[PDB]
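Only one chain is included here, represented as structure tokens and corresponding to the form deposited without the named molecule.
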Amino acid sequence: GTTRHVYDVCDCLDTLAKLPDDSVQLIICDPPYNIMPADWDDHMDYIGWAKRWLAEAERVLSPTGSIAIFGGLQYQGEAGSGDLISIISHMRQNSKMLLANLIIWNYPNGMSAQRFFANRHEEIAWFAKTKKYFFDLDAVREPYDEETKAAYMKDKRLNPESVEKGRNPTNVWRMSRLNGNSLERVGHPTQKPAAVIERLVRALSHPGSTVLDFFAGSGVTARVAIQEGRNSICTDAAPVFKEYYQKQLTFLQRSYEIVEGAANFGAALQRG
């Protein structure tokens, strides 16, 4: 089949307001963790600002849909800022969504530290709209080296089926952060590695379904959606997004259609 991808520079709420209820299958959410100076006109803290798109994110997700929210757990208390805990706490008090998993993204390198343990992790809260959420475990199982599985097939106590399928990747993923010399680089400083996004897309969304990202940043979600046979809608408030997004396409240089303009969101919503 052929997938559709719509993109545009927009404010998250403005994007969400144009999407119908239960219209998207998966949402990739890597939000800012501090509000803007202007936001201080209508809010007194981070969650006050974030609860708006959080509620909307839930509305646009279908019954089988899910949202993956990246965030840290070491927020220090500055006004107007917060972290993944601030979001989870809020969700526990005001949302009916289920916390399916708290995934730990454990990366190999980082800065050193003398007065504490060097930070080597970031979290991913996977919230499912309902208990009927979609989940393709097989699509993300990790294979066993030709020998290790040969030994498991000898062990009659183990289920042959499970052996060939592969292992559950667990809720701790050891994946390398995107390095400065990596070809994936589009210029976005906090660009997430395609590997993490891929795993989320393959396990939490089905082929041909729609993936949404209103904090698209580098547009990695669109690149991964295209590669995995999913439709997508990516918007970012920064005008530089267009440039990144195009750069993101030059890498792709198995048929898809790219469509610019919020007025065309519908193209990526059609189930096909």
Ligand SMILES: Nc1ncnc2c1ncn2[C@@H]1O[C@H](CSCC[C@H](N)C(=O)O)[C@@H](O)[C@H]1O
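Residue indices: 1-based, along the sequence shown.
Enquirer: Answer with none, 1 to 3, 4 to 9, or 10 or more: how many deposited residues between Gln253 and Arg254 are not present in the coordinates.
Expert: Missing in between: 4 to 9 residues.
Enquirer: Taking the mean of the C-alpha B-factors per stretch from the entry, tell me the winner out of 106-114 and 159-167.
Expert: Mean C-alpha B-factor is greater for 159-167.
Enquirer: If you average the CA temperature factors over each stretch, which comes out higher, 60-68 or 200-208?
Expert: The recorded data point to 200-208.
Enquirer: Among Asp136, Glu122, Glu78, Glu142, where is the Cα B factor highest in this entry?
Expert: Result of the comparison over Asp136, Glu122, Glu78, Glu142: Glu142.
Enquirer: I'd like to know which of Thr130, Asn181, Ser89, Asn101 has the highest C-alpha temperature factor in the PDB entry.
Expert: That would be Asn181, according to the entry.
Enquirer: Taking the values exactly as deposited, rank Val186 by C-alpha B-factor within its chain and report the matching third: lowest, middle or highest.
Expert: Answer is highest: the recorded C-alpha B-factor places it there.
Enquirer: Can you work out whether the C-alpha temperature factor of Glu243 puts it in the lowest, middle or highest third of the chain?
Expert: It falls in the top third of the chain.
Enquirer: Is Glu257 in the lowest, middle or highest third of its chain when residues are ranked by C-alpha B-factor?
Expert: CA B-factor rank for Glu257: highest third.
Enquirer: Could you look up the Cα B-factor of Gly48 in the entry and say which third of the chain it sits in: lowest, middle or highest?
Expert: Lowest third.
Enquirer: By the record's CA B-factor, is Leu16 among the lowest, middle or highest third of residues in the chain?
Expert: Lowest third - that is where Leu16 ends up once the chain's C-alpha B-factors are sorted.
The following text describes the form solved in complex with the named molecule, which does not appear among the structures shown.
Enquirer: Is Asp11 part of the interface with the named molecule in the deposited complex - any heavy atom within 4.5 Å?
Expert: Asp11 belongs to the contact set for the named molecule.
Enquirer: Heavy atoms within 4.5 Å of the named molecule in the deposited complex: does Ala237 have any?
Expert: The answer is yes: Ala237 has a heavy atom within 4.5 Å of the named molecule.
Enquirer: Applying a 4.5 Å heavy atom distance criterion, does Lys129 contact the named molecule in the deposited complex?
Expert: Answer no; every heavy atom of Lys129 is more than 4.5 Å from the named molecule in the deposited complex.
Enquirer: Considering only heavy atoms, tell me if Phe214 and the named molecule come within 4.5 Å of each other in the deposited complex.
Expert: Contact check for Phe214: yes, within 4.5 Å of the named molecule in the deposited complex.
Enquirer: Could you spot which one of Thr190, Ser176, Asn94, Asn159 gets a heavy atom to within 4.5 Å of the named molecule in the deposited complex?
Expert: Exactly one residue meets the criterion: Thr190.
Enquirer: Only one of 54-62, 225-233, 25-33, 199-207 has heavy atoms within 4.5 Å of the named molecule in the deposited complex; I'd like to know which.
Expert: Stretch 25-33 is the one.
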